[PDB]
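Here it is, the structure, as structure tokens.
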Amino acid sequence: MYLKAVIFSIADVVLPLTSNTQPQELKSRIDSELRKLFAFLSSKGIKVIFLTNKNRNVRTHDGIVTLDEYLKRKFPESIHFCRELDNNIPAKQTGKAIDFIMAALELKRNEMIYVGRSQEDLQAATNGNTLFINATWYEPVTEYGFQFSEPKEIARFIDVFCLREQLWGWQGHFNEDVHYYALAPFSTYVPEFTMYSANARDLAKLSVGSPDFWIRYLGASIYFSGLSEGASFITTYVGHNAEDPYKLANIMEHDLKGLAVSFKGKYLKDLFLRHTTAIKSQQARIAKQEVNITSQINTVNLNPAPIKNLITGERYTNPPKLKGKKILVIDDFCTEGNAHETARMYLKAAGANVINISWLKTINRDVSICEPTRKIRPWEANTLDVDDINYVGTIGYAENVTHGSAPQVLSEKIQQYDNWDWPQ
Ligand SMILES: O=P(O)(O)OC[C@H]1O[C@H](OP(=O)(O)OP(=O)(O)O)[C@H](O)[C@@H]1O
Ligand SMILES: [Mg+2]
């Protein structure tokens, strides 16, 4: 399987620290929900690990016990790594404690995830290149998403996204620097199809799924397939309209920020600029006119001054340093690759290594891999002739659909997720 152990810190996860005043009803409910989570993990053969610095005394309605005895009594069959009890264990903050746990359990790094809340635990997981699961049931977080508001949500995430062999519905490579992934195949070639709700009165603004569903799908599939390893940036593509280019990003920004935090990366919402309104590729296709990649190349470029501080709005003063950096590029659906190949062309010209990820792969359409014959100056507007494109190869649809993947399988995954409850 993919997930073999879950590391839990204690502060504001198993026992509150920040607040004196957590209601007893909350502690009892969290204790009971953690019991369910650990039993669920045990039933799946997933180990439960506690990682702590101090063997502090804990006051019980029965008396005072050490933290080790407390955890052993309430959550038996967990494995407690406590620096005070084992001088072997290196520091948490630097990520070294994760290396130690990996060796002790004979597990690979991305065979574990890390549930925490304290800043030291976020640092421990990210510096240890382990997926961070931000537990916010004792202390809330407002700055970004990809959160987990109660223990049940961790079980939901694991059960829905982390236990099946196929993390991607479609995936393929070309040459050595071209890597394409999509979560699920889907029919996008119908005049009716749109990824965004038709009515602004709906609280759901995506037509398929929801932000919670998609960020958790993305996070699981990217992490357990190894794509997050060494990734510095995550970014989304831009819509065709120069007046409204950030529709997907505006819906998903909150969650993409949190996924970036969990990978020790940065979400660059406006790394791409749509400087001139482009032909809408989907609409050209339904009009049965051919889509040419220069319609994208000639209307987008890399933003030399993206937002560096999504809280403050402060922009980079010099273009972000992308040379030698790994960037995850997200778009909603991929048909023939015009959008992703343009994203890749610009980022590759800036020296980056690129991973092209989509929620959906259009059924029965192959991706054409392109390289420019005119040198791209990626931080400014470029204008290429159709003859400036070298079509070097193909990532086909049919041969790269993964076993068992299908649009109906996505629909049932969404149903499974939306209605999820403790498996009875
Ligand atoms: O793989 P491709 O052949 O590039 O096709 C997929 C692209 O087409 C759609 O955008 P579109 O250009 O229709 O504009 P929109 O997002 O503004 O609706 C979709 O959102 C992708 O960006
Ligand atoms: Mg688009």
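Only this structure's heavy atoms are used, side chains among them; waters, hydrogens and symmetry mates stay out. Residue numbers run from 1 in the order of the sequence given.
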Measure the acute angle between the ring planes of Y223 and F263, then classify it against the limits of 30° and 60° as parallel, tilted or perpendicular.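 Parallel: the ring planes of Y223 and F263 meet at under 30°.
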Quick one: sort the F50 and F38 rings into parallel, tilted or perpendicular, breaks at 30° and 60°.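 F50 vs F38 ring planes: perpendicular.
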Hydrogens and angles aside, do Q93 and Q123 bring a side-chain donor and acceptor to less than 3.5 Å of each other?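 Yes, a side-chain donor-acceptor pair sits under 3.5 Å.
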Counting distance only, does the side-chain N/O of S405 pair as donor-acceptor with the main-chain N or O of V401 below 3.5 Å?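 Here the side-chain-to-backbone pair does not exist.
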With distance as the sole test, does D385 use its side chain to make a donor-acceptor pair with the main-chain N or O of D387 at under 3.5 Å?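 Checked: pair present.
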Is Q147 reaching over with its side chain to a backbone N or O of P140, donor-acceptor style, under 3.5 angstrom?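 Not at all, since once roles are kept as given, no pair shorter than 3.5 Å links the two residues.
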side-chain contact (heavy atoms from CB on, under 4.5 Å) between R29 and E150, worked out: CA-CA 10 Å; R29 176 171 56 257; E150 57 175 314; over 6 Å; no
Does this structure show an ion pair linking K326 with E229, if we count only N-O contacts that are shorter than 4.0 Å?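 No.
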Show your reasoning for whether side-chain hydrogen bond (donor to acceptor under 3.5 Å, both in side chains) applies to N127 and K264. CA-CA 8 Å; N127 288 335; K264 204 175 176 187; 2.5 Å; yes
Check: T342 side chain, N338 main-chain N or O, donor-acceptor pair, under 3.5 Å: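 Confirmed, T342 side chain pairs with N338 backbone.
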Between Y217 and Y417, does the ring centre distance come in under 6.0 Å?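 Ring centroids of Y217 and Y417 are no less than 6.0 Å from each other.
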Within the 6.0 Å centroid threshold, strictly below: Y144 and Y267: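 They do not qualify: ring centres at least 6.0 Å apart.
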Test your reading of the model: is there a side-chain donor-acceptor pair from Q171 to the backbone of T402, 3.5 Å cut-off?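 Not at all, since once roles are kept as given, no pair shorter than 3.5 Å links the two residues.
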Residue pair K280 / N241, side-chain donor-acceptor N/O under 3.5 Å: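 Short answer, no.
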Passes ring pair (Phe, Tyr, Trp, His ring centres under 6.0 Å), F161 versus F213? Steps please. CA-CA 10 Å; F161 301 110; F213 169 85; 5.5 Å; yes
Please step through side-chain contact (heavy atoms from CB on, under 4.5 Å) for the pair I369 and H173, ending with a clear verdict. CA-CA 10 Å; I369 306 305; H173 304 258; over 6 Å; no
Could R117 and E139 be called an ion pair, given the rule that one side-chain N must be under 4.0 Å from one carboxylate O?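 A salt bridge is absent here (no side-chain N lies under 4.0 Å from a carboxylate O).
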Keeping the roles fixed (side chain from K413, backbone from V160), state whether a donor-acceptor pair exists under 3.5 Å.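 Looks like yes, one N/O pair under 3.5 Å.
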Please assess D212 against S210 for the test side-chain hydrogen bond (donor to acceptor under 3.5 Å, both in side chains), listing each intermediate value before the final yes or no. CA-CA 6 Å; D212 289 352; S210 57; 5.7 Å; no
Rounded to the nearest 0.5 Å, how far does OG1 of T312 lie from CD1 of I307?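 So the gap between those two atoms works out to 10.5 Å.
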Could you tell me whether the side chain of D12 and the main chain of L17 form a donor-acceptor pair under 3.5 Å?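 Judged by distance alone, yes, a pair lies under 3.5 Å.
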Within residues 154-165 or reaching into it, pairs that qualify as side-chain hydrogen bond (donor to acceptor under 3.5 Å, both in side chains) - sequence neighbours excluded: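 Residue pairs passing side-chain hydrogen bond (donor to acceptor under 3.5 Å, both in side chains), neighbours aside: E153-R156, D159-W420.
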According to the salt bridge (charged side-chain N to carboxylate O under 4.0 Å, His left out) rule, which pairs have a member within residues 309-321, sequence neighbours left out?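 For residues 309-321, and leaving out neighbouring residues, the salt bridge (charged side-chain N to carboxylate O under 4.0 Å, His left out) pairs sorted by first residue read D270-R315, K308-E314.
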Quick one: are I158 and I46 in side-chain contact, heavy atoms under 4.5 Å?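 They are in side-chain contact.
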Which label fits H340 and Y180: parallel for a plane angle under 30°, tilted from 30 to 60°, or perpendicular past 60°?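 Taking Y180 first and then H340, their aromatic rings stand perpendicular (interplane angle over 60°).
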Might you confirm whether atom CD of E176 has over 12 heavy atoms from other residues, nucleotides or ligands at distances under 6.0 Å?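 Incorrect, the count does not exceed 12.
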Any residue meeting salt bridge (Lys or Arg N to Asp or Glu O under 4.0 Å) with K325, in chain and number order, not counting sequence neighbours: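 In terms of salt bridge (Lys or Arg N to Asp or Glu O under 4.0 Å), with neighbours along the sequence ignored, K325 is linked to no residue.
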Nearest atoms (heavy-atom pairs only) where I376 meets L384: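 Smallest interatomic distance, heavy atoms only, reads CD1-CD1, 3.8 Å.
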Rounded to the nearest 0.5 Å, what separates atom CG in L273 from atom OG1 in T299?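 Spacing of CG (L273) from OG1 (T299) equals 11.0 Å.
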So, for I363 and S187, which heavy atoms are closest and what is the spacing to 0.1 Å?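 Residues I363 and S187, closest heavy atoms: CD1-OG, 3.3 Å.
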Strictly distance-based, threshold 3.5 Å: is any side-chain N or O of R365 a donor or acceptor partner for the main-chain N or O of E336?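 Judged by distance alone, no pair lies under 3.5 Å.
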Between the side chain of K361 and the main-chain N/O of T335, is any donor-acceptor distance below 3.5 Å?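 Yes.
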Using 0.5 Å steps for rounding, measure from the CD1 atom of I154 to the NZ atom of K152.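 With rounding to 0.5 Å, CD1 (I154) is 13.5 Å from NZ (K152).
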Could you check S207 against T194 for side-chain hydrogen bond (donor to acceptor under 3.5 Å, both in side chains), going step by step and ending with a plain yes or no? CA-CA 7 Å; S207 80; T194 178; 5.9 Å; no
Using the ring centroid of each side chain, check whether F148 and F157 are separated by less than 6.0 Å.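 Yes, the ring centres sit under 6.0 Å apart.
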